[PDB]
Each structure stands twice: as structure tokens, then as C-alpha cells.
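One chain follows as C-alpha cells, the form deposited in one PDB entry.
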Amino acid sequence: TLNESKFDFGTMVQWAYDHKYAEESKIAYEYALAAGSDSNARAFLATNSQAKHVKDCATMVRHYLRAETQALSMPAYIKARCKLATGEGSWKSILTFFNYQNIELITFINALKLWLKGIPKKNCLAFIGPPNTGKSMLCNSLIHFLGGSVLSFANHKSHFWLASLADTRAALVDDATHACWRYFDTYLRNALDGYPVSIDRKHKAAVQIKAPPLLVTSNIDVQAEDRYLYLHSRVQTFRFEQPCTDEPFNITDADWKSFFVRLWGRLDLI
């Protein structure tokens, strides 16, 4: 990784942004390789304050990626995620699965439509059923396509476990336990009703935001439980009953792309 034999920070930040590198060690290493055929990368290794620049650069790119994701409307955002979708699947892969899980495409399309706008009480789609019915399967594939984030209720003892809600456009709380559902009930009523929540971030002061769209998976039916009365009118549920087990379903990013490109009209994304 030859490191030896006037530096503009702009040019570097640019390069990092273009390549979507946000992480210092990557930025550092990757720019050092570019220096074979890049004058500014060559000038960088001549600098004494490399470590400072690598840091700054990460901070710079982290600022931009974060703030452009926030700036785009939900349609433009989905549009962006469609462009990122490589390979080729089909929206049919998705329909086939719902058919298998005996749920209405139409029900889903509506739910999703309103979930995407983050309309109050329509902001949270639960995917409920016993183990191995492809709940994780579908939800994670959707989050992936969407550029979402997974929240782990394991980390709930720290209140920072919600930090990413100040960032994503969609979020998934995987495998909800009772603990977790009543957590929702206790603390997050406002996330469901589209009122503001103070989300604490680690190295800087907390921010007040509207909680982005939420997915949940669970073995637990909230609508069928009395102790979660508040949740009934705020959580849209879908039950999966059907096994997915061979030593058959794998929704891809292109599957979702086709799904959105094709039902774009029906999802009110115009």
C-alpha cells in the first residue's frame, strides 16, 4: 500500500462522497490506493495532517449522506432506491408470496401507501405469525430495498437504541416480545400517532422528530390482546401462517423495484 513518494480537501470529500465511503479507515486506505493515478491523493500522503483530514472527511461525508437522505420527499427517495436496485427480479415474486400467506394484495398496497406517508395510526405495520412463516424474510427484504434500519430491542436498556430513528426513512423492530410491545405502549405512543419524539443521539444533543414508518415482526398478536388496547387502532397487522422450510422464498431488491415501479400509481407516489 505504498504511502510515500497542494492538497485540496474538497477534492477528497468529493471522492469519498462519489464512492459513498463514510468510514475513516476505508476512506484512508482507499484514497491511498487512488494516489497512483490521482494528484490530490498523491498530495494527501505528502501532508503531515493526514489523520485530521481522514477524520474531517468522514465527518463531512457523514454530514452529506445523512442530510440528503433527509431532504428528499418519500417518492423521490423511493425513486432513488429504485435506481440503486441491481439485478432483475419481478414484482410477481412478491405477489406469489402474499398469495401463499393468503393475504390480499390490495390490503397491503393500501396499508403500505399510508405507511409510506407516515399517516397517524397508519405508521406501523406488524407482521405477525408463528416461527418460519417468512416474516423476517419479507420485512428485511423491504427494509433492505428501502435503506431502512433494524432496531434491536436487545439494546433497549440504553435509551440510545432509538438513535437511528433520527435518521432512517423506514425502520424495522424485529421479533417483538411482550416486553417490546408494552415498551411501544409505554414510551412510543407518539411514534404511532405521528406526534414528536425526543430522540437522544450519542455524541450530540437530542432531536425532536416525527418517527419514520415502522415495521414490526412478532409471534404476538397485539389486536388479540387486551393489555395492548391502545395499540389496536395504531398498528396494522398481517398474519402469516404458512411454513417456509427446505434444507423456497427469497424476495430480492429487484423484486421490490419491480413492485414499486409497477404499482407506483396505486401507492399514490405521484
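A residue's number is simply how far along the shown sequence it sits, counting from 1.
- Deposited sequence between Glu247 and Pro248: 4 to 9 residues lack coordinates.
- Gap between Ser5 and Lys6: 4 to 9 deposited residues without coordinates.
Beyond what is shown, the protein has a form deposited in another entry; the following relates to that form.
- For the rigid-body turn between the shown form and the other one, the listed residue at the hinge is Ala71, chosen from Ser49, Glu225, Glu23, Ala71.
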